[PDB]
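Each residue of the sequence shown is one higher than the one before, starting from 371 at the first, in the authors' numbering. These notes concern the structure reproduced below.
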Amino acid sequence: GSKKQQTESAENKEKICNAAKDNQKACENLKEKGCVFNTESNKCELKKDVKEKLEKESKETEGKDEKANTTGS
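What follows is the structure, encoded as structure tokens:
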């Protein structure tokens, strides 16, 4: 199956953040896009916080059939 360790969503997100490199103000502007300045590494990094919290928001209802939705009868 398809695992989500980054994929497209996190790639472009991270890339937008990394496009600011280590400019804090630029990252502050990109904050709306999921970019958070990380002082630890000293760069604009993807907010994995929001990335995950948004991902678990993307469960639609709950019935995501990955192998089977329901056997029913």
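Just so you know, even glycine gets a beta-carbon here, dropped at the ideal spot from N, CA and C.
Item                                                                                           : Value
Length of the line joining the Cα atoms of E378 and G442                                       : 34 Å
Residues near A396 in its chain [Cβ-Cβ closer than 6 Å; skip 5 each side]                      : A390
Per-residue burial, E381 [other beta carbons within 10 Å of its own, 16 or more giving buried] : exposed
Beta-carbon proximity of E425 to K385, cut-off 8 Å                                             : no
Which of helix, strand or coil DSSP assigns to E432                                            : coil
Whole-angstrom distance between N388 and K418, CA atom to CA atom                              : 14 Å
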